[PDB]
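Inspection log for the structure reproduced underneath, given as structure tokens.
Read-outs: derived from the displayed coordinates by stated rules, not from any lab. Neighbour counts run over all protein chains shown; Cβ positions are idealised from the backbone, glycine included.
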Amino acid sequence: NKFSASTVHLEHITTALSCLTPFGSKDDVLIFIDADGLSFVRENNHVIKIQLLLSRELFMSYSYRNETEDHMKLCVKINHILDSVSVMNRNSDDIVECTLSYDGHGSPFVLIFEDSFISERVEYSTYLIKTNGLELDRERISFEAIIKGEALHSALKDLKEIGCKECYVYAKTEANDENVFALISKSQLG
Amino acid sequence: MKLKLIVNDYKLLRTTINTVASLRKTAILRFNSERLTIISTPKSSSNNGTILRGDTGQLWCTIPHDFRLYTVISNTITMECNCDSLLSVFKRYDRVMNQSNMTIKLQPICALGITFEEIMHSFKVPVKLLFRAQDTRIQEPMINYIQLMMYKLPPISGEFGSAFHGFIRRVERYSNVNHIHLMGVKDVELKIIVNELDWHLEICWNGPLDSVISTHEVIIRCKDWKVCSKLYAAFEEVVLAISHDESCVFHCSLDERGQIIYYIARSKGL
């Protein structure tokens with residue numbers, strides 16, 4: 001098996017999958033396999049792209065015995081994976097050891113769920129590959145802000161509740177410690 | 001034609017009574033002078049036995065009476081009545097005991113004089129007297145043993161019984177399941193494969209399984225697996241026989257022996 005990864009903290013991969021849902025829910029997903037870790041890439045309408053990464057440290061076993069190529073790319077649909085794991089999480093309270101596997105080009109993406117009594121095995125069909133051009137230039141940053149997660153989540157929820165057909169962002173730091181960062185919205189309220 | 005008895009083993013008879021009703025309408029009660037053979041088979045049932053239904057599975061369960069008395073005078077009597085009336089009667093008796101013994105009698109069309117008390121309850125369920133020539137056409141299927149392999153399923157009361165029951169019913173959580181493709185490899189590993197979804201699902205069992213006595217495969221329907229699951233839930237000694245692309249037989253027993261045999265034919269070709 002050119003790639004094999006095992007874990008029992010399935011909540012992490014579950015959050016990885018639920019963080020990939022906003023970028024459409026029935027489309028193709030790119031999975032990049034390299035020695036450093038496991039990464040999912042999604043792109044929508046050539047205007048926005050997400051890139052989650054599961055590091056090697058999240059799996060006890062991470063072989064990557066592939067030697068001909070440094071990185072492996074496969075394309076699988078997300079609706080299949082979502083519909084499978086949805087019914088697999090019915091008894092998620094059991095001690096489940098997920099096992100990812102991939103034997104190379106032309107082979108399906110395997111996802112084995114073993115509960116020490118039942119070993120469910122799923123082989124996801126891999127599709128042809130149509131995702132980096134959408135990357136900011138590291139030598140041209142105009143503003144760099146570090147914000148807490150809860151505050152940003154609350155602001156985004158508020159903007160959703162206001163509708164927010166269009167959005168604006170501000171980044172001004174005046175002479176003193178006057179760091180101004182705002183999220184203006186063009187909504188029904190005005 | 002004198003048939004009288006007071007059946008009180010109760011679970012053994014009840015599971016047959018329920019499974020014949022769940023299988024198809026009406027049932028055959030072969031009252032020998034030694035052994036009772038409840039035969040719910042499609043050959044003897046005049047409403048699309050295999051016309052577009054595909055209902056081919058035949059059950060041959062034998063119930064002993066040693067249930068208080070077995071006076072079968074004639075001495076093989078073979079009957080046929082609907083399962084709804086006897087289901088209701090048995091349910092009423094079960095509830096009554098939940099709150100005496102039910103006497104059973106016989107009156108080519110007759111009636112069954114079921115009578116029990118707490119109140120007085122009389123139920124004259126209609127029945128018939130299917131002929132000896134028709135009885136001879138009711139013969140149990142013959143199953144070869146050249147490739148037939150059997151899997152000693154674990155008892156439900158054991159530690160692994162609940163896990164095996166859950167694994168068996170695991171195929172019921174997908175509503176788009178029609179055909180189940182059983183697999184058995186030789187310590188034997190028993191596997192269930194589903195190939196009717198957008199993803200290839202294989203439900204395996206890595207627990208301990210005993211093979212009383214080459215991959216044998218058989219594709220059956222989902223309802224047959226439901227009744228197999230119900231039988232496994234209601235029995236301890238359960239043997240799964242798998243004929244390679246011929247048939248699947250579910251052998252249950254209760255320790256002469258009240259064996260229950262379900263013969264399921266392939267619903268597809270490997």
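At-a-glance table
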item	result
Sequence-distant residues sharing a close amide H with residue B:130 (under 5 Å, placed H)	B:80
Dimensions (Å) - chain B, Cα atoms, principal axes, largest first	57, 41, 36
Per-selection metrics, segment A:38-91 (Cα): Rg and Dmax in Å	14.5, 39
Euclidean distance between Cα centres, segment B:96-118 to segment A:112-175, Å	71 Å
Stokes-Einstein D in µm²/s, Kirkwood radius over Cα pairs - segment A:1-136 at 25 °C with 0.890 mPa s viscosity	158 µm²/s
Exposure proxy ranking, count of Cβ atoms within 10 Å, fewest first, for A:64, B:174	B:174, A:64
Histogram of C-alpha separations across segment A:88-190, 5 Å bin width, %	2, 8, 11, 9, 9, 9, 9, 12, 14, 9, 5, 2, 0, 0
Taking N as its residue count, the alpha carbon Rg of segment B:23-94 over 2.2 N^0.38 Å	1.24
Segment A:1-81: translational diffusion in µm²/s, Stokes-Einstein, Kirkwood Rh over Cα pairs, 20 °C, 1.002 mPa s	159 µm²/s
Where only alpha carbons of segment B:76-141 are counted, the Rg and the Dmax (Å)	14.4, 44
Under 12 Å, Cβ to Cβ, from residue B:110 - net charge with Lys/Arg +1 and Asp/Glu -1	+3
Per residue convex hull volume, Cα atoms of segment B:126-270, in Å³	164 Å³
³J(HN,Hα), Karplus 6.51/-1.76/1.60, whole Hz, each residue of segment B:145-157, x for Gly, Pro	10, 5, 10, 3, 10, 10, 10, 5, 5, x, x, 5, 6
Segment B:52-107 - convex hull of alpha carbons, volume per residue in Å³	170 Å³
Point-to-point label distance, residue A:159-residue A:138, nm (Cα→Cβ direction, 7 Å offset)	2.7 nm
Gyration tensor over alpha-carbon atoms, segment B:214-253, equivalent ellipsoid semi-axes in Å	19, 13, 6
Label-zone membership for segment A:25-63, site residue A:105, 7 angstrom Cα→C-beta point, backbone N under 14 Å	none
Residue B:197-residue A:171 pseudo-label distance in nm [points 7 Å out on the Cα-to-Cβ vector]	4.4 nm
Order of B:169, B:266 - criterion: other Cβ atoms within 10 Å of each residue's Cβ, fewest first	B:169, B:266
FRET efficiency, 1/(1 + (r/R0)^6) with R0 22 Å, evaluated for residue B:223 and residue B:51 via beta carbons	0.85
Amide H contacts under 5 Å for residue B:261, placed H, 5+ residues apart	B:60, B:61, B:62, B:252
Exercise: per-residue mean of other protein chain Cβ atoms within 10 Å, A:108-119	4
Chain B: calculated mean residue ellipticity at 222 nm from DSSP helix runs of at least 4, using -39500 (n - 2.57)	-6500 deg cm²/dmol
Helix-only CD estimate at 222 nm, as mean residue ellipticity for chain A, using -39500 (n - 2.57) per DSSP H run (n ≥ 4)	-5500 deg cm²/dmol
For the protein assembly as shown, fraction of C-alpha pairs farther apart than 31 Å, in %	59 percent
Nonlocal amide H pairs with residue B:112, under 5 Å, H built at 1.01 Å	B:125, B:127
Total charge dipole magnitude, segment A:1-104, about the Cα centre, Cβ charges on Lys, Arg, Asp, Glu only, Debye to nearest 20	260 debye
Of A:2/A:26; B:186/B:230; A:77/A:186; A:49/A:165, those spanning more than 32 Å from alpha-carbon to alpha-carbon	A:77/A:186
Convex hull volume per residue in cubic angstrom - Cα atoms of segment B:13-134	115 Å³
Segment B:116-195: C-alpha pair distances exceeding 20 Å, %	66 percent
Segment B:173-244 - Rg and Dmax from Cα coordinates, angstrom	12.8, 38
